[PDB]
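Worksheet: one structure, shown below.
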Ligand SMILES: Nc1nc(=O)c2ncn([C@@H]3O[C@H](CO)[C@@H](O)[C@H]3OP(=O)(O)OC[C@H]3O[C@@H](n4cnc5c(N)ncnc54)[C@H](O)[C@@H]3OP(=O)(O)O)c2[nH]1
């Protein structure tokens, strides 16, 4: 391919046959890891924190879920900028960050294949704050008794990433109203 | 009322009223491991800094759980209660592994502090990974073989085997959880931890 690293896009779905799925972009080759907790963006070094958080990226059919390392900056990173390690090897492409304050930003950088990853097929992940005690399929319940009623009373696959104040990431997959899996990742959620 | 019972009997009653731990039902939320120590049959055992992915089938659901490894020179009988240093029950002994004539290893769940995945209506299968790509219930050397399987399944799909779960590993490393249904791929979790047990 002529496009080595290509950000996700609806019209780039043919890249799934030729490129690896990173969280937010396709890559022709396996990318390098972060070395000594530093990333290099536009010629400036940025220390990488010890914090991680769950990020996600829809590519038009699948959702890539990835535990990424958090990088706190005092400067905005333009989207799709290449990220290098201190050995001048490309680590990835800049994805969407968050502006903490007027002069504060936080970006999430995937560190190769070192951390949690989940490739969800044919599902557009929904992220929402947990409002009740129990989450099950695409519904929420106050107690087990309300849950048993729904199960006995009960289209398409779905994926929901739950959090409470960006904490305790909880990923639920469901199909036709039935629960498939309920994974408590014990990680923060980025955003 | 059995407040802390191992998987394998009367699941209908337990599943509506008890919390699902990896291998046993508990009426209450169980205590955590305090100061990296568990107590089994009156003896204190230091808990290592190692974890591994374990699983337990209760007869309809599979509980997947990252557990903490405890090395011991003494065998722990199945179902023996496990306590913390406050004499608070933390669980029941599950199956371990024997590393040497004098050395054993058990995996102990530390409450709900670590990774936990509840698989509904599925019996997990553990398999050593032998090809580069895992997809649905199959393995493929490359994406061209994968694309053939996808396209042929799109043309004709006779798989009505239902929902399945496969835990892949390479020499007990690189835990990878594949969920699938009727020849379709659902989710591919890279857990990065070792897989516990005689595998
Ligand atoms: N992207 C990625 N992130 C990780 O964190 C990671 N940890 C390990 N690995 C393995 O590295 C090998 C490559 O050296 C891969 O094979 C992979 O093992 P696996 O995790 O067993 O593989 C499933 C393949 O299968 C891919 N697919 C999934 N669906 C499709 C589809 N419809 N069409 C084409 N490919 C599909 C899926 O994206 C994927 O392959 P790619 O990421 O390279 O694209 C990782 N790969």
What shape does segment B:88-142 have by the C-alpha gyration tensor, where a ≥ b ≥ c are the square roots of the eigenvalues, rounded means a/c under 1.5, and otherwise prolate means a/b greater than b/c and oblate the rest?
-> oblate
Just tell me how shielded A:111-119 is by partners: mean number of partner chain Cβ atoms within 10 Å of each residue's Cβ, no decimals.
-> 4
Label point distance in nm, residue B:158-residue B:48, each placed 7 Å from Cα along Cα→Cβ = 4.7 nm
Highest-first arrangement of A:42-49, B:30-37, A:184-191, where packing means the average Cβ count within 10 Å = A:184-191, B:30-37, A:42-49
Here the gain from full extension of residue B:57 to residue B:34, 0.36 nm per residue of separation minus their alpha-carbon distance, amounts to 5.5 nm
Nearest-5 percent of antiparallel DSSP beta bridges in the protein assembly as shown?
-> 90 percent
Net length gained if the chain between residue A:1 and residue A:149 were fully extended (0.36 nm per residue, minus Cα distance) | 48.0 nm
For peptide A:173-186, how many partner chain Cβ atoms fall within 10 Å of a residue's Cβ, on average?
-> 6
Residues of A:7-17, mean number of Cβ from any other protein chain within 10 Å of their own Cβ, rounded to a whole number?
-> 1
Expected sort for B:13, A:27 with the fewest Cβ neighbours (10 Å cutoff) up front is B:13, A:27
Based on the alpha-carbon gyration tensor of segment A:126-189 and its eigenvalue square roots a ≥ b ≥ c, which shape applies: rounded if a/c is under 1.5, prolate if not and a/b is larger than b/c, or oblate?
-> oblate
Taking 0.36 nm per residue of separation and subtracting the Cα-Cα distance, what length does fully extending residue B:99 through residue B:75 add?
-> 7.5 nm
Please report B:122, B:1 as a ranked list, fewest other C-beta atoms within 10 angstrom at the top and most at the bottom.
-> B:1, B:122
Working from Cα positions, state the angle (0 to 90°, nearest 10) between the long axis of helix B:143-155 and the longest principal axis of chain B.
-> 70 degrees
Separation between the residue B:112 and residue B:192 pseudo-spin-labels, each 7 Å from Cα along Cα→Cβ, expressed in nm?
-> 2.4 nm
Sequence of B:65, B:158, B:105 once ranked by neighbouring C-beta atoms within 10 Å, starting from the fewest = B:158, B:105, B:65
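Cβ: placed from backbone, ideal geometry, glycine included. Neighbour counts: every protein chain shown. Values quoted throughout were computed directly from the atomic coordinates according to the rules given, and no laboratory measurement underlies them.
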